[PDB]
Amino acid sequence: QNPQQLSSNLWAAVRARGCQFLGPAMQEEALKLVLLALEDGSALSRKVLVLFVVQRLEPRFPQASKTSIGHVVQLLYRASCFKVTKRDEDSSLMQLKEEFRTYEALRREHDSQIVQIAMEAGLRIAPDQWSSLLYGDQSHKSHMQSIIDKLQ
RNA sequence: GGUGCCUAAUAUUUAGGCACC
Ligand SMILES: [Cl-]
Ligand SMILES: [Cl-]
């Protein structure tokens with residue numbers, strides 16, 4: 001198992017559960033726009049959360065789509081970041097749980113969920129490679145080692 | 001077979017399409 005392999009095996013695993021990582025720049029700006037919509041306790045359907053993040057993301061990142069942002073929203077939902085108000089005959093509304101209404105706390109949950117998908121897929125990826133994959137630098141290895149230890 | 005993307009749904013997930021290998 002070389003790195004170019006583990007990275008393509010990691011991203012395919014992620015997309016297999018209907019989730020997505022748009023690269024370290026765009027994913028960071030995607031999460032922030034999710035926080036911009038939700039940090040005040042506003043309650044948005046998937047559809048309105050997607051339109052909000054897509055429309056603001058588009059001018060800097062033209063590849064942003066309802067599908068690609070749906071997949072990022074699915075990653076947060078799969079990480080159990082949302083309070084979901086279920087009503088009859090209507091779309092469920094999503095709020096950010098009180099504990100995940102800041103970027104640091106939301107991002108930790110996001111990183112953790114990608115690591116659980118690596119483990120579900122039997123992928124064994126060291127922290128230097130994690131730092132690279134999620135942040136595009138080597139400045140997050142400890143962060144990553146912290147999430148790996150919690151999950152084991 | 002496999003990947004990638006697009007469209008749709010109240011999705012801890014589905015369903016459909018195209019492209020490429
Ligand atoms: Cl409400
Ligand atoms: Cl809450």
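For the numbers below, each heavy atom of this structure counts, side chains included, while hydrogens, waters and symmetry mates do not. To find a chain, count down the sequence lines: A is the first, B the second, and so on, and within it residues start at 1.
Stacking of the bases of B/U7 and B/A8 is indicated, with six-membered ring centres separated by less than 5.5 Å and ring planes inclined by less than 30°. Stacking check, B/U12 with B/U13: criteria not both met, so the pair falls outside the 5.5 Å centre and 30° angle limits.
Within residues 41-56 of chain A, the residues having any heavy atom under 4.0 Å from RNA chain B are, by residue number, A/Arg46, A/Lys47.
Of the candidate nucleotides B/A11, B/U7, B/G4, B/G4 has the atom lying nearest to any side-chain atom of A/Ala12. When distances run from any side-chain atom of A/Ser92 to the nucleotides B/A11, B/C6, B/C5, the shortest one goes to B/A11.
Across B/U10 and B/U14, the matching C1' atoms stand 13 Å from one another, rounded to whole Å. Using atom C1' as the reference point in both B/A11 and B/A15, the two lie 11 Å apart (nearest Å).
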Please evaluate residues A/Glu28 and A/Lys32 with respect to the criterion salt bridge (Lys or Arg N to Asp or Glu O under 4.0 Å), reporting the C-alpha separation (whole Å), side-chain torsions for both, the decisive distance (0.1 Å), and the verdict. CA-CA 6 Å; A/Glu28 176 172 352; A/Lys32 284 191 171 162; 2.6 Å; yes
Taking N or O atoms only and anything under 3.5 Å, show me the protein contacts with nucleotides 12-18 of chain B, one pair per line.
from, atom 1, to, atom 2, distance (Å)
B/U12, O2, A/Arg78, O, 3.2
B/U12, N3, A/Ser80, OG, 2.7
B/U12, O4, A/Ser80, OG, 3.3
B/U13, OP1, A/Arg78, NH2, 3.1
B/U13, OP2, A/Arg78, NE, 2.9

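Within a 6.0 Å sphere centred on CG of A/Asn2, heavy atoms belonging to other residues, nucleotides or ligands number more than 12.
A sub-4.0 Å separation between OP1 or OP2 of B/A8 and a side-chain N or O of A/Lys66 is present.
Nucleic acid contact for A/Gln113: none, since no nucleic acid atom lies under 4.0 Å from a heavy atom of the residue.
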